[PDB]
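Below you'll find the structure, written out as structure tokens, and then a few comments.
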Amino acid sequence: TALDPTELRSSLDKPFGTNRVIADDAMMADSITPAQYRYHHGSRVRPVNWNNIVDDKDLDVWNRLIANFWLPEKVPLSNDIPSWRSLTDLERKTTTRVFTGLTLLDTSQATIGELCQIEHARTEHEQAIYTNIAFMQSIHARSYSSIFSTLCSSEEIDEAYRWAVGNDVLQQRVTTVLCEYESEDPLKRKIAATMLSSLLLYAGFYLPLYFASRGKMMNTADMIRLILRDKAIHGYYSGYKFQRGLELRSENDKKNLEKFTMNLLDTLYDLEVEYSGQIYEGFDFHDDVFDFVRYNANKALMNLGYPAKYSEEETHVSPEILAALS
Amino acid sequence: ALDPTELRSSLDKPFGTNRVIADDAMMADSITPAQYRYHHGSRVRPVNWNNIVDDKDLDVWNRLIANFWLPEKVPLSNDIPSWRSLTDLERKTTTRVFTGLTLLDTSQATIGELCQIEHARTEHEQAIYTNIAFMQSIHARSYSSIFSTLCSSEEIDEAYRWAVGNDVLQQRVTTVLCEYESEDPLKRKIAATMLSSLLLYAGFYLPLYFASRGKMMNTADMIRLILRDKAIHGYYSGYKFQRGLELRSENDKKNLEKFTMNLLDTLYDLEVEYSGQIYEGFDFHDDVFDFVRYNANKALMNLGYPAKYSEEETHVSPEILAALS
């Protein structure tokens with residue numbers, strides 16, 4: 007912009023005075039969170055108050071997510087080295103590639119996807135929760151790299167990252183979600199975040215669950231379950247907050263958002279078939295993977311308050327996989 | 008133009024269904040997810056912690072993660088007798104000071120640190136800002152943990168109303184918030200370094216003063232956990248500022264230094280107005296601003312600029328310096 011580069015950007019705004027008052031109820035009601043200031047210059051900004059909880063769910067979720075803090079350095083991943091070497095070359099290659107594509111999704115959520123939920127959050131405590139969630143998504147992304155450092159050669163890691171950048175369908179998947187985070191409708195942002203946490207990684211999580219059901223990669227499975235323990239809350243909470251915003255919307259917007267949700271799901275589902283169907287086509291468990299995808303698609307919808315899309319017939323995950331989930 | 012039920016990505020050309028092992032040019036043109044909004048159609052790259060670009064990033068990530076803490080592990084309730092031994096003025100001033108600090112850390116956690124991600128120099132630095140913002144939410148939360156342990160509902164209510172109703176506090180926070188909107192990423196970094204290395208220290212003076220007097224000893228421990236974080240936060244902001252600065256033109260370097268001194272001078276005068284009024288009934292008034300100017304020099308040093316204040320102007324009392332450690 008044309009402001010002299012040595013000037014403060016606040017010089018464009020009328021300064022606050024020199025008064026000091028105990029804000030009355032109207033002044034407090036008009037105050038805003040810091041993240042809302044960008045489009046409300048001149049409004050008064052209010053610090054977070056953890057002794058004034060607006061939605062008790064926020065305090066419960068904060069406390070649960072923080073109690074569940076973990077680091078990949080505490081999982082003995084090197085005890086999986088013999089199991090990893092007992093796999094085939096195709097199994098190893100498929101695992102590093104699948105995990106690199108999961109890294110891409112968690113990298114995106116950590117550095118923009120979850121963070122863009124803050125500005126239009128319903129409560130200030132929810133804003134703080136998103137900072138914890140985004141950090142833990144950086145932990146998730148970092149943790150796949152911890153697996154690679156323990157198990158893979160430099161050449162294997164390098165080729166998997168080149169595979170991910172060069173996979174057109176992977177790129178379509180991630181950028182489909184990234185574009186919705188640019189919407190000015192915060193509920194479109196919430197729907198995408200819910201899809202990311204409750205659906206988009208699960209065709210990938212199927213693979214380490216499969217190995218664990220066959221007695222392989224057991225310590226890696228523990229770490230995957232730590233990731234899953236976070237993401238189940240992340241997707242529940244995103245969908246919960248979507249519904250808190252939805253119930254204040256007009257009937258017009260409610261219909262738009264319902265149709266938008268089904269369009270996004272359909273598109274992301276088709277892309278999963280193309281993406282993971284190609285990755286898994288040389289494996290017996292190919293069809294079970296998409297039972298598992300549709301099963302988690304139903305949870306994503308349920309987290310948003312919408313009815314299930316797929317029938318029991320279409321979501322029958324083998325008992326061995328479900329047992330590996332715990 | 009898009010119907011509201013349609014996907015925003017439908018406005019862009021789709022990627023195909025090709026799958027290739029990216030060559031060097033394709034990898035070099037790939038970008039981080041936070042840059043995608045400025046480069047639709049570009050390929051997005053997952054973070055690779057086995058391909059560190061700046062070794063300093065890995066050291067800072069590991070140090071900050073190892074320093075994780077929660078206010079619930081500090082026995083703040085052992086300060087209740089000490090708190091009750093204070094005067095009315097001391098208790099009121101503490102809740103107001105800490106509510107003002109809450110406002111700055113709330114701002115950094117929820118926008119201030121996060122707006123550094125999109126123009127970060129490395130993907131690992133982007134991950135670090137997510138840790139730093141979370142810990143800044145911890146800092147802000149911890150002041151409320153103090154209030155929950157020590158204060159009445161009425162005290163808490165009045166302190167938050169005081170903060171919203173304090174014009175000078177509002178000017179201080181909004182001055183910083185406006186720079187986070189700057190189109191120049193290095194201005195965002197200068198502001199972040201000021202916040203972590205300067206803006207809270209007139210406030211941190213008070214618990215350090217109490218500890219130097221033998222009071223509020225467990226609260227002081229928590230404050231030192233906060234300081235242990237902010238020292239790295241401000242060092243890291245300033246380090247990354249300097250890495251970005253060495254790629255800028257000579258005229259931009261000159262303007263950025265002038266802007267820095269303009270920001271600092273504006274924030275200093277506001278501190279005198281804000282904390283001078285808060286500490287008016289206390290005799291340690293002069294020592295507070297020796298401590299402010301002392302930390303201002305560190306903020307400038309973190310940015311790679313010379314000290315502004317003389318040895319005479321930064322002569323912190325040795326009781327306060329001892330309470331830092």
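Residue numbers (the deposited numbering), protein chains in the order written: chain A, 7 to 332; chain C, 8 to 332. By construction, the Cβ of each residue, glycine as well, lies at the ideal position given by its N, Cα and C atoms.
Hey, is residue i's beta-carbon within less than 8 Å of any beta-carbon in chain C?
| i | result |
| --- | --- |
| residue 211(A) | no |
| residue 11(A) | yes |
| residue 200(A) | no |
| residue 114(A) | yes |
| residue 77(A) | yes |
| residue 123(A) | no |
| residue 74(A) | no |
| residue 33(A) | yes |
| residue 8(A) | no |
| residue 171(A) | yes |
| residue 252(A) | no |
Return the chain-ordered list of same chain residues with a C-beta closer than 7 Å to the C-beta of residue i, the five sequence neighbours on each side being excluded.
| i | result |
| --- | --- |
| residue 153(A) | 83, 105, 226 |
| residue 158(C) | 102 |
| residue 203(A) | 237, 240, 241, 244 |
| residue 167(C) | 106 |
| residue 281(C) | 175, 176, 179 |
| residue 76(C) | 232 |
With 8 Å as the threshold, decide whether the Cβ of residue i is near any Cβ in chain A.
| i | result |
| --- | --- |
| residue 189(C) | yes |
| residue 167(C) | yes |
| residue 22(C) | yes |
| residue 248(C) | no |
| residue 28(C) | yes |
| residue 162(C) | no |
| residue 266(C) | yes |
| residue 224(C) | no |
| residue 207(C) | no |
| residue 215(C) | no |
| residue 118(C) | yes |
| residue 129(C) | no |
| residue 323(C) | no |
| residue 232(C) | no |
| residue 256(C) | no |
| residue 14(C) | yes |
| residue 271(C) | no |
| residue 277(C) | no |
| residue 71(C) | no |
| residue 110(C) | yes |
Leaving aside the five residues before and after residue i along the sequence, list all residues of the same chain whose C-beta is less than 8 Å from its C-beta, in chain order.
| i | result |
| --- | --- |
| residue 131(C) | 54, 56, 59, 60, 61, 64, 65, 68 |
| residue 20(C) | 48 |
| residue 110(C) | 170, 176, 180 |
| residue 9(C) | 15, 17, 18 |
| residue 92(C) | 222 |
| residue 294(A) | 212, 323, 324, 327 |
| residue 156(A) | 83, 84, 86, 87 |
So residue i packs on residue j, CB below 8 Å; how close in whole Å?
| i | j | result |
| --- | --- | --- |
| residue 200(C) | residue 306(C) | 6 Å |
| residue 323(A) | residue 296(A) | Contact flag wrong, Cβ pair sits at about 10 Å. |
| residue 140(C) | residue 120(C) | 4 Å |
| residue 39(C) | residue 213(C) | Residue 39(C) to residue 213(C), Cβ: 41 Å. No contact. |
| residue 267(A) | residue 316(A) | With 8 Å as the limit, residue 267(A) and residue 316(A) do not qualify as a contact, their Cβ atoms being about 15 Å apart. |
| residue 144(A) | residue 138(C) | 7 Å |
| residue 165(C) | residue 135(A) | Between residue 135(A) and residue 165(C) the Cβ distance is about 27 Å, and since that is not below 8 Å, they are no contact. |
Going along the chain, which residues of its own chain have a beta-carbon closer than 6 Å to the beta-carbon of residue i, five neighbours each way excluded?
| i | result |
| --- | --- |
| residue 326(A) | 219 |
| residue 146(C) | 112, 233 |
| residue 89(A) | 222, 223 |
| residue 127(C) | 133 |
| residue 186(A) | 194, 198 |
*Residues from the segment 36-61 of chain A in contact with chain C, defined by Cβ distance under 7 Å*: 37, 39, 40, 41, 43, 44, 50, 51, 52, 53, 54, 55, 56, 57
*Counting pairs of beta carbons, one from the segment 285-296 of chain A and one from the segment 201-219 of chain A, are three or more of them closer than 8 Å?*
yes
*Taking one C-beta from the segment 257-268 of chain C and one from the segment 188-206 of chain C each time, how about it: are there three or more such pairs within less than 8 Å?*
The count of Cβ pairs closer than 8 Å, one atom from the segment 257-268 of chain C and one from the segment 188-206 of chain C, reaches three, so the stretches are in contact.
_Residues from the segment 302-313 of chain A in contact with chain C, defined by Cβ distance under 8 Å_ = none
*Cβ pair count under 8 Å reaching 3, the segment 105-116 of chain A against the segment 44-51 of chain A*: no
*Given 8 Å, three or more beta-carbon pairs between the segment 172-180 of chain A and the segment 247-257 of chain A*: no
*Anything in the segment 137-156 of chain A with a Cβ closer than 7 Å to a Cβ of chain C? List those residues in chain order, please.*
137, 138, 140, 141, 144, 147, 148, 151, 154, 155
*Should the segment 260-276 of chain C be regarded as contacting the segment 232-246 of chain C, the criterion being three or more beta carbon pairs within less than 8 Å?*
no
*For the segment 173-186 of chain A, which residues have a beta carbon sitting closer than 7 Å to at least one beta carbon of chain C?*
173, 174, 175, 177, 178, 180, 181, 182, 184, 185, 186
*Taking a cut of 8 Å between CB atoms, which residues from the segment 89-103 of chain C lie near chain A?*
none
*Just by C-beta distance, which residues in the segment 278-292 of chain A are closer than 9 Å to chain C?*
280, 284
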